Every structure is written in structure tokens, then in C-alpha cells.
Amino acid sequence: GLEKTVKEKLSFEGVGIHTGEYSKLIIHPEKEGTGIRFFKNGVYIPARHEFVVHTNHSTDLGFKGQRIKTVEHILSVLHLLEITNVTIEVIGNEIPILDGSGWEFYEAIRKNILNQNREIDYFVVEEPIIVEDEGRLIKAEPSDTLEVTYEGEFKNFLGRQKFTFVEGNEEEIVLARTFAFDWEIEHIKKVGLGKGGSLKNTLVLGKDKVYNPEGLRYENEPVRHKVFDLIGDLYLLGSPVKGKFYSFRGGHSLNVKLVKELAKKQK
């Protein structure tokens, strides 16, 4: 399809899940060929793998001493809507988590799309590839359509679950929230993370319990969210992606490892 920007400036604000600080976003329209980039304290940070500085519990970007935490959800929404040219101005240190899903970003951006004059030059997976990390695995193969499967093997009541996104089913993953296991929270807080995490923005699960009074939005909400996360990390290739992906227990580190191998392959 055509390259796309936003019709007008779009604003979002709220707490960041990791920093726990309040931050504000301003999504600015941009001309054809600009690409997706962040802007903080006079510095432009392109939404590309070369700018990744952290991958543990979030994908973070940095350039010239300016850092932005948790870019995955906003990038996933922009990837799904095929917004190719925008500047995301960040007043703070992290993208707001909002309700833990991409819903608010998705709804506001989809109503404000401006089609542009050039076609999208997609990042097209040309051959099969596999990346691994001690049991964890991500594979990609050619496909005319973006298809993303995530399979989890949870150590609680959820057990094994699988979910596949295909083009046209964007609404099936944009409402799936970030999640956490109660036995892992102490470690996350000890490593200086999850400061803004709560039952208002995270689906919190125990061995046999759901902490959230509203419960799960879907029986497989965690794997739908993991698919949404991978689509965000795939946008670090610098263009909307065409390929069929399968992730078995993948995370941001393995997602970025795949992205860098795909980019190197196509140099």
C-alpha cells in the first residue's frame, strides 16, 4: 500500500510501566521517506535496530545520550496501521503504558491516517531463517502477508497456548495487555524495573490465580500480547514487514537478534 503519516498532531500521556514516571507523547506528521523516529531533547532517535540499547523486559532506544524506554507497543500499532513517516516526540523517559495494550494508540491513530504519494518499500523476508536461545526459538520464512505465531509454555494454570495474527486481524491483538507472573515481580523491581506496573495496566497471574478483578480479556491474552510485542520489535527493520514468523517462548532479546540477522542478510 501507500506510505502513510498522521493528518494532525496526536497526543498521549500517562505513567511509564518501567520508570513509574509520568510522560507525554506528541506524534507529528512527516513527509514521504522520513521513516519512523523518536524525538527527545533536540535529538532524533530512528526506530531502527542500530539504536537498541536494552532488551530485558522492554525494547529501549538511545542516541547521543537521549534514551526512550518501552518503544514496542507504539511501534507495533504503527506497524499494524502501516504508518511509515512520523516523529514521536517524547517529553520524559518512556512511552506511556496506558492500559497495557495498544488500544488507545490504535483507535486515535487509525482515525487520523493521511495516505501519502509513494508506495511502501516493505522489508520482505527472502528465505527461511532460525534464531535460537537455550530452548527459545524464532523462525521466519517468505510470505506475501505478515503472519505472526507465538507459542508459550507457561508454568502456571495456562500451560501451553498458541496464537496466530494475520493481516486484517489487527483488532485481535491491539487489546491484549502486557502481563507478569507474581513469582517474577520481586526480581523485576530489584533490577530497577516495573516501577509503574499495577493491576490497572498489567494482567498479573499467579500459579493458579488471576489478580485482576476484571480477569482476562481473552483466554490466551498473554500469547496475543507476545505476538503484538514481536510485531513492534519487527518494525525495527525500518519498514513494514512481509514474512511468516513463528516464535516459541521468544522475548525482546531474541526478537532483536532475529531483526539484526535479517538486516545483515539484506545488508
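In this text, the rigid core denotes the largest set of C-alpha atoms whose superposition between the two forms falls within 1.5 Å. Numbering starts at 1 and follows the sequence shown.
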| query | finding |
| --- | --- |
| In 7 other deposited structures of this protein, rigid core aligned: more displaced of 184-192 and 67-75 by C-alpha RMS | 184-192 |
| 120-128 versus 86-94 - which carries the larger mean C-alpha B factor in the record | 120-128 |
| Which of 216-224 and 203-211 has higher mean CA B factor, as the PDB entry lists it | 203-211 |
| Residue of maximum C-alpha B factor among 187, 73, 177, 79, per deposited coordinates | 187 |
| Highest-ranked of 35, 65, 232, 240 once sorted by CA temperature factor in the record | 65 |
| Position of residue 10 among the chain's modelled residues by C-alpha B-factor, lowest, middle or highest third | highest |
| Within-chain third of residue 260 by Cα B-factor, per the entry | middle |
| Chain-relative CA temperature factor third for residue 41 | highest |
| Chain-wide C-alpha B factor ranking for residue 140, given as lowest, middle or highest third | highest |
| Residue 154, C-alpha B-factor rank within chain (lowest, middle or highest third) | highest |
